[PDB]
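Take the sequence shown: its position 33, counting from 1, is numbered 33 in the entry's author numbering, and each next residue is one higher.
We treat Cβ as the ideally placed atom computed from N, Cα and C, and that holds for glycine.
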Amino acid sequence: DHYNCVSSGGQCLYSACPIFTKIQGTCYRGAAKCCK
């Protein structure tokens, strides 16, 4: 979720994770990816 994503060093994005990050979980009721 958003809380764990952000607290653990990630960001919530709806579409693509930028280069040198990867999908690790989700945010916003699962509609977005947590990119770390």
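- For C17, no beta strand (DSSP E) run applies, since DSSP gives it neither H nor E.
- Short of 7 Å from the beta carbon of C17, and not among the five residues preceding or following it, lie these beta carbons of its own chain, in chain order: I23, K33, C35.
- Taking all protein chains shown into account, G10 has 16 or more neighbouring C-beta atoms within 10 Å of its C-beta and is therefore buried.
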